[PDB]
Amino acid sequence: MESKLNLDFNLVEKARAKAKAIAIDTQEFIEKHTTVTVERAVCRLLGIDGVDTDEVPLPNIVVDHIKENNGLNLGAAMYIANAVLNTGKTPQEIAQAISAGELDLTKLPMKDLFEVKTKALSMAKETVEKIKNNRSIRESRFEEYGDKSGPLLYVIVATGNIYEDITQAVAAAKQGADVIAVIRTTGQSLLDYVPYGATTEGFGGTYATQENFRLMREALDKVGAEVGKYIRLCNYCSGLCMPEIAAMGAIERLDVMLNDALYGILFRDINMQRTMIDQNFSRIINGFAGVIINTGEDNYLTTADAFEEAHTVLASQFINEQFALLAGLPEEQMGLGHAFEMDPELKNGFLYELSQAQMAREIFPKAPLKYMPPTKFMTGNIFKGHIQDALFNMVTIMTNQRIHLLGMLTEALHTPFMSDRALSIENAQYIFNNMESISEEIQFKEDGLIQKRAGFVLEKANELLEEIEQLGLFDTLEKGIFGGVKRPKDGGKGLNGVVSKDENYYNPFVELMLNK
């Protein structure tokens, strides 16, 4: 990326330093704790699955067990391992036995610490392999098939019925889509457990389930070899089970997943402490798994006035960047997001959009940026909508965005039809091909609107992050200084699932996946 905006990179570096402060400061807290959801993830990574009689996931019962016996502070991994030592049964069987009331991890002799811990680490070691291998499986497919260098077409499917999603996903796969996302059931991030098994019915879209992941991946893999392309699969990590959904997709190997640091807090009233601990570990897993995450900055633009919230978005991007880093996720894995959401009747509006999109591209030069379509002003006028999807498509090719979430002419009306998808793709291929080199060809006038717009957004985001850094993240959220939303340090959902770590806590998975 060349500097077409004449941006002040000192200012850029200054803003980024504030995000890094803000993050590291919160990190001190994350490391001193764990959460009920972290541990269930740990259990899953060690093979516990299936459900009990009332359809409760075994990971929830084994961890719920340890919980009420004041054990979480030590963390599942130990008990599970201890149990396996003097017992010699698989953690899957440890789970069923605990379900049946036939075992009690709290009353088994606690063998020597250094002995179980070592056992723990040897167990972790296995699944990390399965994961590491899946990452190779993917690398191996890219080199065989090659990968587009321009923007990747990302489309969405969501019937609520997995087998139906699949017939749609494979159709879309050959209709030309590069990334397919199955829209998770509305509100799933509010559940404190992950449903088990294939899903045949669901509101707003299909449930997120490990079985559901496997089916879809199996499908995409089939149509993939068919078209000789590797379709990237995507799902949502957001919610009270972030890590678990991440461990889950790590073993079935999704390729991209939504993983925003502040989403859960600001839009689902999930407690900030709980949220900041969950995102840390989900990000570690995703990172190690080679996954590209997606952030949800569009959430800040879909309702608020997009012209005046541009700095919130830029600040959000910086902040997500810095955390992802503290979790070992590199820039080429951070699919930071933004959107074409300004009012179509805004004078020079298209010039302001292009400017900001170009800004983000220069600020995060190594990130496979995610640019999203207009939705709030998309109306019943399917004709006007197709053209504003076109101006959206133009920005992507003018600014080299990497993950392109195709807009639909029918946006404001209903999930796309076969036709809506096709039209949307031809619109994008026409523009992408007709304007192919437009970003090399085009430059911006000295100190005109475009360049000046970008620097104002940057100066403002820096100003915002300076206050956020003054208060620390929790205080910031307590007073609504960010996102126009105020949230209680000890309020929201899930705080009761947060526990401080005791001196002997141990997640063998962190050192295996992070290792600093």
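Numbers follow the displayed sequence, beginning with 1.
Two stretches are in play, 371-379 and 327-335, and the higher mean C-alpha B-factor belongs to 371-379.
The mean C-alpha temperature factor is higher for 276-284 when 276-284 and 349-357 are set side by side.
Per the PDB record, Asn69 has a higher Cα B-factor than any other of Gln451, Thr26, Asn69, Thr37. Highest C-alpha temperature factor among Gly150, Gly290, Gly101, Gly239, as the PDB entry reports it: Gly101. Compared with the other modelled residues of the chain, the Cα B-factor recorded for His386 ranks in the lowest third.
Ranked within its chain, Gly176 lands in the middle third, by CA B factor from the PDB record. Placement of the Cα temperature factor of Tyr263 within the chain: lowest third of the modelled residues, per the deposited record. In this PDB entry, the Cα temperature factor of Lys486 sits in the middle third of its chain's modelled residues. For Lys32, the recorded CA B-factor ranks within the lowest third of the chain. Only modelled residues enter the ranking.
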